[PDB]
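Just one chain follows, in the form deposited in one PDB entry, and it is written as structure tokens.
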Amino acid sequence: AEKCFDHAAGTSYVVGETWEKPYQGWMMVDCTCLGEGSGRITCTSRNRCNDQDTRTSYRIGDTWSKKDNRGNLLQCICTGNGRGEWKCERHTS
């Protein structure tokens, strides 16, 4: 039973396990254990859209406005369709 201690989490995950692990501070992705030799963990966010503009990981079916780099406001949404395709649509007035 190769465990995948996430250390910063202080929790183990027997091979073939999956849990939640906040990335930087607000980000969050599903860290899965695959046991390679010392405890490898494939963390990926396919169902947890995360925007680095508001510093807040959204969920599936959620929605949040997020400008780009000019000052507009792309009303993005975590459509979640296979890998969290949270798209962003500027204000189309």
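Quick note: we count residues from 1 along the sequence shown, nothing fancier.
One more form of this protein exists, namely the form deposited with a partner chain bound; it is left out here, but the text below deals with it.
Q: Can any non-hydrogen atom of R55 be found within 4.5 angstroms of the partner chain in the bound PDB entry?
A: Judged by the heavy-atom cut-off of 4.5 Å, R55 is well away from the partner chain in the bound PDB entry.
Q: May I ask you to check whether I60 falls inside a 4.5 Å heavy atom distance of the partner chain in the bound PDB entry?
A: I60: no, not in contact with the partner chain in the bound PDB entry.
Q: Any chance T44 has a heavy atom within 4.5 Å of the partner chain in the bound PDB entry?
A: It does: once the partner chain is placed as it appears in the bound PDB entry, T44 has a heavy atom within 4.5 Å of it.
Q: Looking in the bound PDB entry, any heavy atom of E20 within 4.5 Å of the partner chain?
A: Result no; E20 lies far from the partner chain in the bound PDB entry.
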